[PDB]
Amino acid sequence: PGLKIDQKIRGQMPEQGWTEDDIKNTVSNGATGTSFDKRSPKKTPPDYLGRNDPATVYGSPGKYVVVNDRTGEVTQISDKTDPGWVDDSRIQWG
């Protein structure tokens, strides 16, 4: 409900195999890990000030969603169509 999807992420969803319902269903499956949202200013829309927050990971390796604990913003959706996808280094699987 407090989930925020910016325009940058909205643009990547259809190309990386995600739908808004897909993101909600994945989050509903429960937290599977943790990490940090260290996005650069250029990647934090209508704000552009960058992020420095802890985050929760949903899904599984290569098929995940990262949500900023403070903002509720989605920091990253992995590319489900890329089998060689490397997980972001900040992700800690539980």
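Definitions and limits used
- Residues numbered from 1 in each chain as written, not as in the entry; some residues may be left out.
- Heavy atoms only, no water.
- UniProt positions renumbered as here; feature names shortened; annotations may be inferred.
- Core = buried A, V, L, I, M, F, W, Y, C linked by side-chain atoms within 4.5 Å.
- Buried < 20%, exposed > 50% of the residue type's maximum accessible area, 1.4 Å probe, protein only.
- Helix = DSSP H or I, 4+ residues; strand = E, 2+ residues; numbered from the N terminus.
- Contact = heavy atoms within 4.5 Å.
- Salt bridge = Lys/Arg side-chain N within 4 Å of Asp/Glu carboxyl O.
- Pairing = 2+ DSSP bridges.
- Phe/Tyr/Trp six-rings, centres within 6.5 Å; stacked < 30°, edge-to-face > 60°.
- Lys NZ or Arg CZ within 6 Å of the ring centre and 35° of its normal.
- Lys, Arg positive; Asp, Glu negative; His and termini not counted.
- Polar contact = N/O pair within 3.5 Å; in protein donor to acceptor, adjacent residues only side chain to side chain.

In the annotation of the PDB entry, the chain is listed under the name Colicin-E5 and assigned to Escherichia coli. Recorded in UniProt under Function, the annotation for the chain is "Colicins are polypeptide toxins produced by and active against E.coli and closely related bacteria. This colicin is an endonuclease." The UniProt entry for the chain carries the following text under Sequence similarities: "Belongs to the colicin/pyosin nuclease family."

Colleague: For this particular structure, what's the right way to read the nonpolar core?
Modeller: Counting residues in hydrophobic clusters, the biggest one holds ten residues: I5, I9, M13, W18, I23, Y58, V65, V67, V74 and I77. If you list the elements that add at least two residues to this core, you get strand 3 (63-68) and strand 4 (74-77). For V67, the contacting residues outside a window of four places in its chain are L3, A55, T56, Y58, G72, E73, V74 and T75. One finds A55, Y64, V66 and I91 within the second-largest nonpolar core, a separate group that totals five residues.

Colleague: Teacher, can you tell me more about the pattern of salt bridges here?
Modeller: Two side chains carrying opposite charge are able to pair once their charged atoms lie near each other. Taken as a whole, this structure holds nine salt bridges when the rule is applied. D53 is the partner of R70 in a salt bridge, and the nearest nitrogen-oxygen pair spans 2.8 Å. Taken together, the positions of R70 in the loop between strand 3 and strand 4 and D53 in strand 2 (residues 53-60) put the pair 17 residues apart, joining distant regions of the chain. Assessed through its relative accessible area of 57%, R70 is described here as exposed.

Colleague: Teacher, can you tell me more about the sheet that holds strand 3 here?
Modeller: One key point about sheets: their strands pair by backbone hydrogen bonds, in either a parallel or an antiparallel sense. Here five strands make up an open sheet; going across it, the order is 4-3-2-1-5 and the pairing antiparallel. Of all strands in the sheet, those with a lone pairing partner are strand 4 and strand 5 (92-93), marking the two edges. Relative to strand 2, strand 1 (residues 31-37) runs antiparallel, the two being bridged by six bridges. Residue pairing for strand 2: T34 is matched across the bridge by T56.

Colleague: Help me understand the packing of aromatic side chains, please; the structure alone is not making it clear to me.
Modeller: Scanning the entire structure with this criterion turns up one aromatic pair. Summarising the aromatic geometry, the rings of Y64 and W93 are spaced 6.0 Å apart at their centres and angled 75° between planes, so their arrangement reads as edge-to-face. With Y64 in strand 3 and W93 in strand 5, this pair connects stretches of sequence that are 29 residues apart. The ring of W18 has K80 sitting right over it, with the charged end atom 4.2 Å from the ring centre.

Colleague: When you look at the side chain of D79 in this model, what are you seeing that I'm missing?
Modeller: Examined against the element boundaries, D79 turns out to sit in the loop between strand 4 and strand 5. Buried within the structure, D79 lacks any salt-bridge partner; its nearest side chain of opposite charge belongs to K80, at an N-O separation of 8.8 Å. Among the polar contacts made by the side chain of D79, one reaches the side chain of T81 at a distance of 2.7 Å. If sequence neighbours within four positions are ignored, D79 has contacts with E15, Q16, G62 and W85.

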